[PDB]
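Notes follow the structure.
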Number of protein chains: 2
Amino acid sequence: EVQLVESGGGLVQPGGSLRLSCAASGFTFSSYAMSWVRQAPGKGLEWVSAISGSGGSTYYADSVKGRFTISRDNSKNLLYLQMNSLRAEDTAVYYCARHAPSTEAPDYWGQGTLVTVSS
Amino acid sequence: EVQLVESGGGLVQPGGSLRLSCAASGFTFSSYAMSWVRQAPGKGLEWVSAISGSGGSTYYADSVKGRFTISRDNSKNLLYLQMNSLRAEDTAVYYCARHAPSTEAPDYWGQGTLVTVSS
């Protein structure tokens, strides 16, 4: 029913930039806050960024400030993460997640896409 | 003891840009969410934008998304609103406000500064 499918990941050189999409379906997208979560190799899950349903409020992890931009198209039902000034420590699998309005707990997940930052 | 003094207001042509400053003093600035509030001539107070203490989270009124950028310097204890693509309808007195951590209620205000968008 509910589906999130990510794409736009892959290989990129340091200093390079890259844009991830998370295509949503099966729910009314604009009613839900969305987020990006990453997992560095052999690490735990870490929050990257988050946007409210209407797009008017966002959170950024301190580690990506000034480089990453979250956004969404509430008519194309897509969530984006524009990633600039990339470096090796940004190498991770990136997940988009949908959040229940009641609790803001994540209740649906994308399949993940690897971003590899290497010369 | 606590003080907020705003500066940077004044004239500006439509489509032009302008940066507001809210200089704080007398408190541990990074510990408090800040906001910009405006009041158009003869109107009620409306939220413009707001930022958490650390800077990691922001809110924008929809009337302004894409054109204003709130930010702060936690070492110069200053709050800013960068206003771009200004229009006559942005004409108002702009106030900065400090928010109590225990409610996020505003407990201190700047003296307000007039922005006049006209030719």
Side-chain angles (χ1 to χ4, degrees), chain A residues 19 28-38 40 44-85 87 89-90 92 94 96-101 103-106, chain B residues 19 28-38 44-87 89-90 92 94 96-101 103-106:
Chain A
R19 183 224 218 185
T28 127
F29 184 60
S30 70
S31 285
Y32 303 81
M34 298 295 305
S35 69
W36 292 93
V37 175
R38 74 181 162 186
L45 266 22
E46 293 177 350
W47 292 120
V48 171
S49 180
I51 183 152
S52 64
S54 86
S57 293
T58 59
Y59 150 92
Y60 291 95
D62 181 81
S63 76
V64 309
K65 70 161 168 290
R67 308 183 299 116
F68 290 10
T69 297
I70 193 175
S71 67
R72 53 188 309 161
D73 184 323
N74 279 340
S75 298
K76 197 167 177 185
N77 296 357
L78 308 194
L79 168 78
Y80 305 106
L81 183 71
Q82 179 59 45
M83 308 167 74
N84 303 337
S85 303
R87 56 230 189 187
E89 44 184 11
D90 293 313
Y94 285 71
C96 62
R98 182 246 245 177
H99 293 257
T103 62
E104 302 302 357
Chain B
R19 184 217 218 187
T28 305
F29 180 67
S30 55
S31 291
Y32 304 77
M34 298 292 305
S35 64
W36 295 90
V37 168
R38 77 180 164 185
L45 300 172
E46 307 301 331
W47 295 116
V48 169
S49 183
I51 183 158
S52 57
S54 82
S57 304
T58 58
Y59 151 91
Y60 295 97
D62 186 88
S63 69
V64 95
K65 311 214 291 267
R67 304 180 304 122
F68 296 9
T69 294
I70 195 180
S71 71
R72 62 154 95 205
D73 185 329
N74 281 341
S75 292
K76 195 175 180 177
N77 294 357
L78 301 202
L79 172 76
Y80 306 114
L81 185 65
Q82 175 61 39
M83 297 151 76
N84 298 334
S85 315
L86 281 162
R87 36 184 99 125
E89 21 278 292
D90 294 310
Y94 287 70
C96 56
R98 184 237 252 177
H99 293 258
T103 47
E104 301 298 334

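These values consider heavy atoms only, across backbone and side chains, with no hydrogens, waters or symmetry-generated copies. We name chains A, B, ... by the order of the sequence lines, and we start the count at 1 in each one.
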Report summary line: Honestly, the part of A:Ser52 sitting under 4.5 Å from a heavy atom of chain B is neither
Query raised in the report: Does atom NZ of B:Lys65 have more than 12 heavy-atom neighbours, drawn from other residues, nucleotides or ligands, at distances under 6.0 Å?
Result: yes
Report summary line: Scored by heavy-atom pairs under 4.5 Å with chain B, the best of A:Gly56, A:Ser57, A:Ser49 is A:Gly56
Requested in this report: Calculate, to the nearest 0.5 Å, the distance between atoms OG and OH belonging to A:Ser54 and B:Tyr59 respectively.
Outcome: 8.5 Å
Report summary line: Scored by heavy-atom pairs under 4.5 Å with chain A, the best of B:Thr58, B:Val64, B:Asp62 is B:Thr58
